[PDB]
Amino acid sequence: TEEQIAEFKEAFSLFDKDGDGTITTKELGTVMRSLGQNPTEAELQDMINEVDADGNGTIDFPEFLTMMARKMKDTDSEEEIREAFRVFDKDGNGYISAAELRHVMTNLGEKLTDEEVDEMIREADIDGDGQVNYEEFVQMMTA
């Protein structure tokens, strides 16, 4: 979508001390991450070698755009994830609580102890509110 591209091209202007929209593979990871992705050092390499066989290491929009123009194929499931969050959030407060997690679980056959439950919440919880908001639910599901 115009935005799909609008977003990538949007981040590009945040970290280039070049001005020609031609960043290095040094910041390629910096961008892919500030944009909601956590690539492994191995991946940042095997890719920047095939497509960018230029021999310079400078990546611009056409190059970066085309790269992202692959990843966002199966990962885009964000939709289902967001819908999933809503399944857990039985009271519609916008957060997933242990109690609620218990329900989704005990109903899907996995009887859990109030012990293990509060354990899962604290795992996924990131700012320690004792609950999981969508942003967190997202990390815990993507990250």
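Counting begins at 1, following the sequence as shown.
- When the C-alpha B-factors of 70-78 and 95-103 are averaged, 70-78 comes out higher.
- For the pair 111-119 and 59-67, the mean B factor over Cα atoms is greater in 59-67.
- In the deposited entry, the Cα temperature factor of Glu136 sits in the bottom third of values across the chain's modelled residues.
- Ranked within its chain, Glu83 lands in the lowest third, by CA B factor from the PDB record.
- Residue-level temperature factors show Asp46 in the highest third of its chain, judged at the C-alpha atom.
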